[PDB]
Structures are given as C-alpha cells and as structure tokens.
> 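Structure below; questions to follow.
For this chain, numbers begin at 1 and follow the sequence in order.
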Amino acid sequence: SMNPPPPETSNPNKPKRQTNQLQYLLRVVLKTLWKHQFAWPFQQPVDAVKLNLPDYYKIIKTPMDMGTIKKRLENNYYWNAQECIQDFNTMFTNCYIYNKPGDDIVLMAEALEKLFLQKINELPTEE
Ligand SMILES: COc1ccc(S(=O)(=O)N2CCCCCC2)cc1NC(=O)c1[nH]c(C)c2c1CCCCC2=O
C-alpha cells in the first residue's frame with residue numbers, strides 16, 4: 001500500500017492575505033509546538049510505507065500534520081484563522097483515533113494539545 005499524496009500546501013487559485021491572527025498562528029502557535037520535545041511524530045505526514053503501517057490510511061481519511069500546517073502558513077494557504085485551527089484539531093483527532101490510552105504518542109499528543117490550547121486562548125484581536 002502506497003502513502004496517499006500529502007495535503008495540498010499551496011493553491012494558486014485562492015485569494016491571500018496577511019493578518020495578525022495568521023502571524024500569531026505561524027510565529028507563536030506553530031513555533032511553540034514545532035520546537036517542543038514531543039514535536040517529531042507530528043512534523044511530517046505519517047509515512048505508512050517507511051514505518052510499515054498499512055492500516056493507517058484505512059483508518060485516517062483526513063490526515064494532517066504540523067509540517068503541512070507550517071507550509072500552509074508559509075504559502076498563505078489560509079485566509080481565516082479557523083482554517084488553521086481546524087487543521088491542528090484534525091491532527092490531534094487523528095492521533096486519538098488511531099492510538100490507545102497508554103501509548104507514548106497519546107501522552108505526547110496530550111502535552112502538545114495542552115500547549116496548543118494555551119496559545120490559541122491568547123489569539124489576538126480580529127481585524
Ligand atoms: C515508529 O514511528 C516512528 C518512528 C520514527 C519516526 S521519525 O524518526 O520521525 N522519521 C524517520 C523514519 C521514517 C518516517 C519519517 C520520520 C516517526 C515515527 N512515527 C511518527 O512520526 C508517527 N506520527 C504519528 C501521528 C503516528 C506515528 C507512527 C506511530 C503511531 C501512529 C501515529 O499516529
């Protein structure tokens with residue numbers, strides 16, 4: 001079983017803008033999680049081929065990861081902050097669907113998610 005193509009990170013047909021909320025999402029929220037001890041399972045799409053996980057994309061139909069989110073922000077793929085927040089939520093949801101209580105990755109996801117929520121609770125004012 002092959003990996004699916006990774007999520008689109010650029011769309012030359014979508015209008016683009018910079019906002020303070022998107023600045024905060026890339027340079028505060030994403031950066032805080034990206035530099036964290038537990039970031040590494042979440043920095044790129046799950047490679048079901050190299051890791052020999054042929055059921056991963058049978059179970060996870062909306063994959064998402066912080067490498068994709070980072071590239072989406074850097075390519076101005078998001079217009080609304082909620083599009084980016086939704087991607088982080090999807091990434092965490094996938095981890096809790098595929099993995100079980102007691103798995104190390106679940107503990108890593110919980111710690112990253114706590115930090116994500118703390119940072120998003122300080123999202124700046126909308127324009
Ligand atoms: C044993 O699992 C790994 C071992 C090493 C690395 S790695 O060293 O980072 N690396 C180099 C080797 C080839 C893959 C590309 C990066 C990653 C992973 N695995 C993840 O990054 C990852 N993430 C999630 C969200 C998952 C998983 C897989 C396990 C649990 C299921 C899951 O939900």
Side-chain angles (χ1 to χ4, degrees), residues 1-7 9-70 72-106 108-127:
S1 178
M2 296 182 62
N3 282 314
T9 56
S10 188
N11 191 323
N13 206 40
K14 284 199 67 165
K16 293 173 171 68
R17 70 177 173 179
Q18 296 181 131
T19 67
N20 198 29
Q21 287 192 344
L22 293 168
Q23 176 178 294
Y24 185 87
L25 283 158
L26 174 60
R27 305 198 181 278
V28 183
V29 180
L30 182 283
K31 189 173 99 195
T32 295
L33 270 68
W34 189 265
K35 72 195 189 68
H36 192 275
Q37 170 91 11
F38 295 161
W40 58 270
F42 303 100
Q43 284 175 284
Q44 61 285 312
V46 172
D47 190 329
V49 178
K50 295 192 197 301
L51 299 175
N52 194 14
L53 300 175
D55 69 340
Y56 186 80
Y57 293 107
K58 300 181 180 14
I59 289 158
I60 298 307
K61 301 308 190 181
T62 312
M64 188 46 60
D65 65 279
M66 296 199 297
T68 296
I69 294 165
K70 181 176 187 297
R72 285 178 172 203
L73 289 156
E74 289 168 346
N75 278 305
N76 314 102
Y77 187 88
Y78 303 122
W79 181 268
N80 286 343
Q82 299 313 303
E83 293 177 90
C84 177
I85 293 167
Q86 175 177 307
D87 280 346
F88 276 105
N89 281 323
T90 294
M91 180 186 77
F92 291 125
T93 296
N94 291 338
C95 188
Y96 303 129
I97 289 173
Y98 188 81
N99 302 285
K100 309 274 178 291
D103 287 348
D104 283 3
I105 198 173
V106 168
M108 298 170 81
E110 293 190 23
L112 291 176
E113 189 185 14
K114 175 196 211 132
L115 189 53
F116 167 73
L117 295 172
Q118 288 172 331
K119 293 291 113 172
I120 62 162
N121 279 337
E122 295 186 320
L123 190 66
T125 302
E126 183 182 359
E127 292 146 41

> Check for a donor-acceptor pair, side chain of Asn94 on one end and backbone N or O of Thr62 on the other, with a separation under 3.5 Å.
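Judged by distance alone, yes, a pair lies under 3.5 Å.
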
> Is the shortest heavy-atom distance from the side chain of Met66 to the side chain of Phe116 under 4.5 Å?
no

> Treat each ILVMFWY residue as a node, draw an edge where side-chain heavy atoms are under 4.5 Å apart, and state whether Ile59 and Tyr96 are in one component.
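Per the 4.5 Å side-chain linkage, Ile59 and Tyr96 are not co-clustered.
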
> Using a 4.5 Å cut-off on heavy atoms from C-beta on, say whether the side chain of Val106 contacts that of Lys100.
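They are not in side-chain contact.
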
> Show the nearest heavy-atom pair for residues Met108 and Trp40, with the distance to one decimal.
CE-NE1, 3.8 Å

> How close do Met64 and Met91 get, counting heavy atoms only, and between which atoms?
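In terms of heavy atoms, the two residues are closest at O-CG, 3.4 Å.
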
> Give a yes or no answer on whether the side chain of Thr93 reaches the backbone of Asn89 with a donor-acceptor pair at less than 3.5 Å.
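Judged by distance alone, yes, a pair lies under 3.5 Å.
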
> Would you compute the distance between atom CG of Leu123 and atom CG of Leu22 and round it to the nearest 0.5 angstrom?
9.0 Å

> So, for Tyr77 and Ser10, which heavy atoms are closest and what is the spacing to 0.1 Å?
CD1-N, 3.7 Å

> Starting from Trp79, can I reach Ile69 by hopping between I/L/V/M/F/W/Y residues whose side chains sit under 4.5 Å apart?
no

> Considering non-hydrogen atoms only, spot the tightest contact between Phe38 and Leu112 and give its length.
O-CD1, 3.6 Å

> Taking atom CD of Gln43 and atom CG of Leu33, what is their separation to the nearest 0.5 Å?
10.0 Å

> Could you tell me which non-hydrogen atom of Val46 sits nearest to which non-hydrogen atom of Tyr57, and how far apart they are?
O-OH, 2.7 Å

> Counting N and O atoms only, with roles assigned by atom type, does the side chain of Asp55 sit under 3.5 Å from a partner on the main chain of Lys58, one being a donor and the other an acceptor?
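No.
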
> Only counting residues at least two apart or in another chain, list the ones meeting side chain to side chain donor-acceptor pair (under 3.5 Å) with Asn80.
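Listed in chain order: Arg17.
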
> Nearest 0.5 Å, please: how far is CG in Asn75 from NZ in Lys14?
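Reported value, rounded in 0.5 Å steps: 11.5 Å.
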
> Examine distances only and state if a side-chain atom of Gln18 and a backbone atom of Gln23 form a donor-acceptor pair shorter than 3.5 Å.
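Judged by distance alone, no pair lies under 3.5 Å.
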
> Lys31: which residues meet the side chain to side chain donor-acceptor pair (under 3.5 Å) condition with it, sequence neighbours left out?
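None.
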
> Measure the OG1-CD1 distance between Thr32 and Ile120 for me, rounded to the nearest 0.5 Å.
12.5 Å

> Tell me if the CD atom of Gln86 is crowded by more than 12 foreign heavy atoms within 6.0 Å.
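Result for CD/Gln86: open.
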
> Can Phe88 and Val29 be said to form a side chain to side chain contact (heavy atoms under 4.5 Å, CB included), step by step?
CA-CA 10 Å; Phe88 276 105; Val29 180; 4.2 Å; yes

> Under 6.0 Å from the CD atom of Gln37, do we count more than 12 heavy atoms belonging to anything else shown?
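Atom CD in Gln37 is not crowded, with 12 or fewer foreign heavy atoms closer than 6.0 Å.
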
> Partners of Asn3 by side chain to side chain donor-acceptor pair (under 3.5 Å), sequence neighbours excluded?
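Expected list: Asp47.
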
> Rounded to the nearest 0.5 Å, what separates atom CD in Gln82 from atom CG in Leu25?
8.5 Å

> Evaluate the side-chain proximity of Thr68 to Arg72: yes if any heavy-atom separation is below 4.5 Å, no if none is.
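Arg72 reaches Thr68 side chain to side chain.
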
> Please confirm whether the backbone N or O of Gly67 pairs with a side-chain atom of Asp65, one donor and one acceptor, at under 3.5 Å?
yes

> If you look at every heavy atom in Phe92 and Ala109, which pair is closest and at what distance?
CE2-O, 3.6 Å

> Is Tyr24 reaching over with its side chain to a backbone N or O of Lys119, donor-acceptor style, under 3.5 angstrom?
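A pair under 3.5 Å: yes.
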
> Look at atom NZ of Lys61 and say whether more than 12 heavy atoms of other residues, nucleotides or ligands are closer to it than 6.0 Å.
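For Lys61, atom NZ is crowded (more than 12 foreign heavy atoms under 6.0 Å).
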
> Measuring from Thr9:OG1 to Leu73:CG, what's the distance to the nearest 0.5 Å?
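CG of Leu73 is found 11.0 Å from OG1 of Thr9.
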
> If two hydrophobic side chains count as joined below 4.5 Å and joins carry through other members, does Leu51 share a cluster with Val49?
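Unlinked, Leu51 and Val49 end up in two clusters.
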
> Is the shortest side-chain heavy-atom distance between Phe42 and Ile105 below 4.5 Å?
yes

